[PDB]
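Trainee: Got a structure for you, questions after.
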Amino acid sequence: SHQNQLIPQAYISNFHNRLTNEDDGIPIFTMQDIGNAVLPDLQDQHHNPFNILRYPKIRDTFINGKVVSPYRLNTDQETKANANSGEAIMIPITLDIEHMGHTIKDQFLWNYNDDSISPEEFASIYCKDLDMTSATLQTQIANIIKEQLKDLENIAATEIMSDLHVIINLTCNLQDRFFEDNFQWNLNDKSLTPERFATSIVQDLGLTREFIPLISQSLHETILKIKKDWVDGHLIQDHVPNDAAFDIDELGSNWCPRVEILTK
Amino acid sequence: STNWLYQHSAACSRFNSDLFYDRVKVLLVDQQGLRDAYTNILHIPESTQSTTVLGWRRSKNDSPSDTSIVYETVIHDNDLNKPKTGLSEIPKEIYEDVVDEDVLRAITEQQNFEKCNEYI
Amino acid sequence: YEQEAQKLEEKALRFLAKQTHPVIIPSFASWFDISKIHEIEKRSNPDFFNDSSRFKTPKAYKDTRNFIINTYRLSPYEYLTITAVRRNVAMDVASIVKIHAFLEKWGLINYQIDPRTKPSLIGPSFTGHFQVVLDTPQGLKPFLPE
Amino acid sequence: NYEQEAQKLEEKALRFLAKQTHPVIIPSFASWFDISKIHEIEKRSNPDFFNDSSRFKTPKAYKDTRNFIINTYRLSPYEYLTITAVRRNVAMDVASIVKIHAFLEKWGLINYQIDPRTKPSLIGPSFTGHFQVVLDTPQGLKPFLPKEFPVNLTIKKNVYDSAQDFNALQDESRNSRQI
Amino acid sequence: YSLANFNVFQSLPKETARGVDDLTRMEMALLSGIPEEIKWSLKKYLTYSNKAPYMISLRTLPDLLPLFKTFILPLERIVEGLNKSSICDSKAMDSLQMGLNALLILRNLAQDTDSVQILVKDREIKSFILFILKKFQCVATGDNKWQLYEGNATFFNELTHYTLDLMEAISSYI
């Protein structure tokens, strides 16, 4: 109960070492008694934090950890009568970067219509998290983000007004697991967003949370591509292959999603 | 040839059962939860966890000057027999004017039941 | 000619019904008719009757609805998810999700099921019952309501 | 009958309940916060999720994201909870993730850095009683029933003699004759 | 004995060991809306304005005046409603006292050049000063429109004084 027995709060950070390890498979930046339990989150330690060290992962966090100074963002000085409240310009962004003896493969979304944060700030945050601070890396990241923003900018801001139904094949690989699915998507109804779709898929298949962004993000990609083919007129609308019984819109229609671990 | 719909439907049900069994095997039977490495934290299906907190409750000790604190958690399940649905969300301007009196009373009962189950 | 196709479909659906389990429809859904629409669907689910596209038609809507209801009633003790229906139905995923959520709201799809069979995301646990401690300008004080 | 039902329900609820080990400390001005509700301060500081401007920004999405972040921090309050981990787990646009993370960090709700071994402990006015935090029953654990059935179970209990014992999370069980 | 006895915990800075710098604490407390935090922060701000006004000058710390204005304008409404018994509740008394404290803080800061320069460029504060002065004139000339209820005189008294001091300062800039 003594003052000294307490533990400081929010100083350590073992994130980079969890990135580097191979036992912890992170697809980015690579080169009583305990049963089959790994973390103490559900097993009650008898009001003694020392027992927390029975688990190798907590020990790794407490031994190979660094002390981290917090982010100090711009205190969210929002704007003066800005943010005209357009819906969204959601464009995906990928990163393939070869640092010295290090790879970086990553993906995320970016709202082009929101000018609250700048690519340089995101690059600084990312490099601080990876613990690889170097102005050259941040400049590369910012330039890549700006290029990918300028490319897909005008295309994403094109609202479709005529009903289009397209057969879509999603294929996403995390590190070694491949998720493949086929379905029929309507590019006019703003009811369902790819995020809700990905959440439903992950719930039903029982996958990890890490698949929720990935899938959705990749979905966004395909949509944009289709939009290009519909701006250039190269997109036909006469037929769509869905296995329908005899008219259209019937009860066979397609296959289903699957997740497979592959090699070679 | 009157057996096609039934076969597709039965295949759907078998697929559903397979998915359920696979989820139960992976998430809850083999190991209790999946340890994610980004945050170094367990992940268990949200169903097993509780959602919200329905206020608090407070009382007194048995004797005065008995300066002790009894902290304890409690779950509350008003009418565990009747399940909850999204019926507390449908606006009145939809089901009204086309309904039987009894169905209207049932709708009102269900909505009030959910709203009251959101309380302590 | 088309009357014969209607006869075929009717006999198929009759066989489906003749090989389905008996279920307990809740009272607040008694307005439902397997062979009708009842104008509650028309209001709750528009755009199946505005002739918006060649695809979303009231006939296909009714067919999908009946198919989903029967696929559930084949085994009422299990939550019917969207992936299976999506596997065996031709329509935009948005409309499938609309119909699924609609039929769920009125207790027509997942009213009495084994609650262990409902899928849910895997987030971290729920730390709502935890004990918090305020940091007053003087000292650490146990946060407790009044 | 129902006795065994409630017994199994208590067993299952206690098995899948998050056991607290470390104490959480937040500054006093962050006392308006509730994990299950949204406050006016959150709606003023985040007007985009509630002004009905976009479809990707709904109050449900904001609440789910912030609850994910809060739970993740509370489960291991000694680490720092970098933004990249959250971004890898959550499926929002990076700008919104950053805004929510910064907002939660400003009010000390997460990443509140102290060294709690340099401050005294006091006693508030509200004290010396039985406190029952009543949380909703989890689904997927309710019994399978193929008359009413209310439930007011009690899962786990903890007793403390002083406020310092409450802060240090030291129960009378082990504290009695520790060494 | 304690997990704090790791080498990793041997390099902590002295700036965070307390948790939050008191300026940030007072600002966030005013931002919250909890009455206890409001009163604590207002007492501390008043002490600082009296014994160290260079640390909270309205120039080095922008967006400080808006909070005081949020505490001061309801004071205008109350003073308009001050010609009858209208402080029956404790929330009314608390709002009145918060307004008086914010007004005294503003006056103490206005005793400096930069702070009064920032105060002059504000239509709200000048309009409030004019409103209080017109109420004082109505009391002085003995008008039958608005007659101060003597049960409140005390409050009004303090009010008037602060206002005049403010006027004095801004009198150089009009």
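Methodologically, a virtual Cβ is constructed for each residue, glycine included, from the backbone with ideal geometry; neighbour enumeration extends over all protein chains shown. We did not get these values from a lab; they are worked out from the coordinates using the rules stated.
Trainee: With r defined as the distance between the Cβ atoms of residue E:114 and residue D:58 and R0 fixed at 45 Å, what FRET efficiency is calculated, to the nearest 0.05? List each step's numbers first, then the result.
Mentor: Values: r = 45 Å, r/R0 = 1.00.
Working from the Cβ atoms, E equals 0.50.
Trainee: Considering amide H positions built from the backbone, and no H for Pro or chain starts, which residues 5 or more places from residue D:25, or on another chain, come under 5 Å of its amide H?
Mentor: C:133
Trainee: Through the Karplus equation 6.51 cos²θ - 1.76 cosθ + 1.60, θ set to phi - 60°, convert the phi angles of region A:164-172 into ³J(HN,Hα) values in whole Hz; use x for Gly and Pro.
Mentor: 10, 10, 10, 6, 10, 10, 9, 9, 9
Trainee: Run down the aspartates and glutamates and flag those whose C-alpha is under 16 Å from the C-alpha of residue C:62, throwing out any fewer than 8 positions away in its chain.
Mentor: Excluding near neighbours in sequence, the set is A:247, A:249, A:250, C:9, C:10, C:33, C:39, C:41, C:47, C:51, C:92, C:104.
Trainee: At a Cα cut-off below 21 Å, give the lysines reachable from residue B:60, other chains included and same-chain residues fewer than 8 away excluded.
Mentor: Once the sequence-local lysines are set aside, what remains near residue B:60 is C:141, D:156, D:157.
Trainee: Using Cβ counts within 10 Å as a stand-in for footprinting exposure, how do B:29, C:133 rank, fewest first? Walk me through the numbers before you get to the answer.
Mentor: On the way: B:29 10, C:133 21.
Exposure proxy ranking, most exposed first: B:29, C:133.
Trainee: List the equivalent ellipsoid semi-axes of chain C in whole Å, largest first, each obtained as the square root of 5λ for an eigenvalue λ of the Cα gyration tensor. Spell out each step's value before the answer.
Mentor: Numbers: eigenvalues 399, 72, 43 Å².
For chain C, the ellipsoid semi-axes come out as 45, 19, 15 Å.
Trainee: Quick one: check the C-alpha center-to-center distance for region E:100-142 versus region A:75-95, whole angstrom.
Mentor: Spelled out, the Cα-based centre of one part sits 40 Å from the other.
Trainee: Can I ask one more? Output the pairs from A:150/D:106; C:7/C:59; B:84/D:37; A:57/D:19 with a Cα-Cα distance over 25 Å in this structure; if there are none, say none. Intermediate results must be reported in sequence, preceding the final value.
Mentor: Details: A:150/D:106 33 Å; C:7/C:59 15 Å; B:84/D:37 20 Å; A:57/D:19 18 Å.
Where the Cα-Cα span goes over 25 Å, the pairs concerned are A:150/D:106.
Trainee: What FRET efficiency do you get for residue B:3 and residue A:147 if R0 is 60 Å and r is their Cβ-Cβ distance, rounded to the nearest 0.05? Intermediate results must be reported in sequence, preceding the final value.
Mentor: Working: r = 57 Å, r/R0 = 0.96.
Rounded to the nearest 0.05, the efficiency is 0.55.
Trainee: Sort out for me the Cα centre separation of region A:207-250 from region C:40-76, rounded to whole Å.
Mentor: If you average the Cα positions of each part, the centres end up 22 Å apart.
Trainee: Here's a follow-up. Going by C-beta contacts inside 10 Å, put B:72, D:79 in order with the fewest on the left. Each step should come with its number before you reach the end.
Mentor: Numbers: B:72 17, D:79 25.
Ordered from fewest to most neighbouring Cβ atoms within 10 Å, B:72, D:79 come out as B:72, D:79.
Trainee: Report, as an integer, the average count of C-beta atoms from other chains found within 10 Å of each Cβ along A:62-71.
Mentor: Details: counts 6, 3, 1, 6, 3, 8, 5, 5, 6, 8.
Mean partner-chain Cβ count within 10 Å for A:62-71: 5.
Trainee: Let me ask another. Which ³J(HN,Hα) values, rounded to whole Hz and listed in residue order, are derived for region A:257-263 from phi using the Karplus coefficients 6.51, -1.76 and 1.60 in 6.51 cos²θ - 1.76 cosθ + 1.60 with θ = phi - 60°, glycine and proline given as x?
Mentor: x, 8, 10, 9, 9, 10, 9
Trainee: Work out the charge dipole of the protein assembly as shown with +1 on the Cβ of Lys and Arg and -1 on the Cβ of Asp and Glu about the Cα centre, then indicate which of C:53, A:154, D:7 is farthest towards its positive end.
Mentor: D:7
Trainee: Zone of residue E:6 (label point 7 Å along Cα→Cβ, backbone N under 12 Å): which residues in region A:1-25?
Mentor: From region A:1-25, the list is A:7-15.
Trainee: Could you list C:14, A:18 in order of exposure, starting from the residue whose Cβ has the fewest other Cβ atoms within 10 Å? Let's see the in-between values first.
Mentor: Working: C:14 11, A:18 20.
Ordered by Cβ neighbours within 10 Å, fewest first: C:14, A:18.
Trainee: Counting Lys and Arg as +1 and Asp and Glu as -1, each charge on the Cβ, what is the dipole of chain B about the Cα centre in debye, to the nearest 20? Walk me through the numbers on the way to the answer.
Mentor: Details: 12 positive and 20 negative charges, 106 e Å.
That gives a dipole near 520 debye.
Trainee: Amide H neighbours of residue C:122 under 5 Å, at least 5 residues apart or on other chains, H built in the peptide plane: list them.
Mentor: Under 5 Å from the amide H of residue C:122 lie the amide H atoms of B:46, each far enough along the sequence or on another chain.
Trainee: Mean-square fluctuation check for chain C, GNM, Cα pairs under 10 Å: which of C:115, C:76, C:124 is largest?
Mentor: Among C:115, C:76, C:124, the largest mean-square fluctuation in the Gaussian network model of chain C belongs to C:124.
Trainee: Kirkwood Rh over Cα pairs of region A:144-223 into Stokes-Einstein at 4 °C, 1.567 mPa s: D in µm²/s?
Mentor: The Stokes-Einstein estimate is 92 µm²/s.
Trainee: Another question about this same structure. Calculate how steeply helix C:58-73 sits against the longest principal axis of the alpha-carbon atoms of chain C, using the helix alpha-carbon long axis, and give the answer as 0 to 90 degrees to the nearest 10.
Mentor: It is inclined by approximately 60 degrees.
Trainee: Would you mind giving the average projected area, over all directions, of the Cα convex hull of the protein assembly as shown in nm² with one decimal? Write out the running numbers ahead of the final one.
Mentor: Details: hull surface 189.8 nm².
The Cα convex hull of the protein assembly as shown, projected and averaged over all directions, gives 47.5 nm².
Trainee: Taking the Cα centre of chain C as origin, work out the dipole magnitude from +1 charges on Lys and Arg Cβ and -1 charges on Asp and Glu Cβ, in debye rounded to 20. Don't skip to the end; give the middle numbers.
Mentor: On the way: 20 positive and 16 negative charges, 66 e Å.
I would put it at about 320 debye.
Trainee: Additional query: Hey, got the dipole for region A:80-221? About the Cα centre, +1 on K and R Cβ, -1 on D and E Cβ, debye to the nearest 20? Intermediate results must be reported in sequence, preceding the final value.
Mentor: Working: 9 positive and 23 negative charges, 37 e Å.
The dipole of region A:80-221 has a size of about 180 debye.
Trainee: Filter the cross-link list C:18/D:12; A:128/C:118; A:66/D:60; A:228/C:98; B:82/C:98; B:92/D:12 down to pairs whose alpha-carbon distance in this structure exceeds 31 Å. Before the final figure, lay out the partial values.
Mentor: On the way: C:18/D:12 39 Å; A:128/C:118 40 Å; A:66/D:60 35 Å; A:228/C:98 28 Å; B:82/C:98 24 Å; B:92/D:12 39 Å.
Beyond 31 Å between Cα atoms: C:18/D:12; A:128/C:118; A:66/D:60; B:92/D:12.
Trainee: Ok, one more. May I ask you to give the average projected area over all directions of the convex hull of the Cα atoms of chain A, in nm² rounded to one decimal?
Mentor: Mean projected area of the Cα convex hull: 21.6 nm².
Trainee: Before anything else, pin down the relative contact order of chain E: Cα pairs under 8 Å, at least 6 apart, normalised by residue count, whole percent.
Mentor: On the way: 117 pairs, mean separation 38.1, N = 174.
Relative CO of chain E lands at 22 percent.
Trainee: Compute and list, largest first, the equivalent-ellipsoid semi-axes of chain B from the alpha carbon gyration tensor, each √(5λ) rounded to a whole angstrom.
Mentor: On the way: eigenvalues 309, 204, 31 Å².
Equivalent-ellipsoid dimensions as semi-axes: 39, 32, 12 Å.
Trainee: Can you check how the C-alpha radius of gyration of chain D compares to 2.2 N^0.38 Å, as a plain ratio?
Mentor: 1.27
Trainee: Going toward the positive end of the dipole of the protein assembly as shown, with +1 on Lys and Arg Cβ and -1 on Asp and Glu Cβ, which of B:81, A:112, C:71 do you reach last?
Mentor: Going by the charge dipole, the pick is B:81.
Trainee: Under 25 Å Cα to Cα from residue E:134, which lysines show up? Leave out anything in the same chain fewer than 8 places away.
Mentor: Once the sequence-local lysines are set aside, what remains near residue E:134 is E:69, E:84, E:121, E:126, E:145.
Trainee: Another question, if that's okay. Using a Förster radius of 56 Å, what is the FRET efficiency between residue A:177 and residue E:127 based on their Cβ-Cβ separation? Nearest 0.05, please.
Mentor: Step by step, r from the Cβ atoms, then E = 0.25.
Trainee: Averaged over its residues, how many other protein chain Cβ atoms are within 10 Å of peptide B:91-101's Cβ atoms? Walk me through the numbers on the way to the answer.
Mentor: Values: counts 2, 0, 1, 5, 6, 1, 1, 6, 5, 2, 0.
The shielding value for this peptide is 3.
Trainee: So if I take the centroid of the Cα atoms in region A:1-65 and the same for region B:29-73, what is the distance between those two points in Å?
Mentor: Using only Cα atoms to place each centre, the spacing works out to 20 Å.
Trainee: Could you give me the ³J(HN,Hα) list for region A:96-109, computed from phi with Karplus coefficients 6.51, -1.76, 1.60 and θ = phi - 60°, whole Hz, x at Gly and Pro?
Mentor: Result, ordered by residue: 10, 9, 9, 6, 4, x, 8, 9, 9, 10, 8, 8, 6, 9 Hz.
Trainee: So what's the back-of-envelope 222 nm ellipticity for chain D, counting only DSSP H runs of four-plus at -39500 (n - 2.57) apiece and dividing by all residues, rounded to 500? Write out the running numbers ahead of the final one.
Mentor: Details: 7 runs with 67 residues, N = 179.
Taking each H run of at least 4 residues, the total per residue is -11000 deg cm²/dmol.
Trainee: Please state the Cα pair-distance histogram of region E:1-53 with 5 angstrom bins from zero: what percent is in each bin?
Mentor: 4, 17, 17, 16, 13, 8, 8, 11, 5, 0
Trainee: Now for a different question. Computed over the Cα atoms, what is the radius of gyration of chain E divided by 2.2 N^0.38 Å, N being its residue count? All intermediate terms of the calculation are to be shown ahead of the outcome.
Mentor: Details: Rg = 20.3 Å, N = 174, 2.2 N^0.38 = 15.6 Å.
That works out to 1.30 for chain E.
Trainee: Right, next: Could you order the peptides A:76-83, E:3-10, E:127-134, D:23-30 from most to least packed, using the average number of other C-beta atoms within 10 Å per residue? Please list the in-between numbers first.
Mentor: Working: A:76-83: 9.8, E:3-10: 13.9, E:127-134: 15.6, D:23-30: 22.4.
Those peptides, ordered most packed to least, come out D:23-30, E:127-134, E:3-10, A:76-83.
Trainee: How many Cβ atoms of partner chains, on average, are near each residue of A:196-204 if near means within 10 Å of its Cβ? Spell out each step's value before the answer.
Mentor: Values: counts 5, 5, 1, 3, 9, 4, 4, 11, 11.
Across the residues of A:196-204, the mean count of other-chain Cβ atoms within 10 Å is 6.
Trainee: Continuing with the same structure: Considering only E:17, E:153, E:102, give the residue with the highest GNM mean-square fluctuation for chain E, with springs between Cα atoms whenever their separation is below 10 Å.
Mentor: Among E:17, E:153, E:102, the largest mean-square fluctuation in the Gaussian network model of chain E belongs to E:17.
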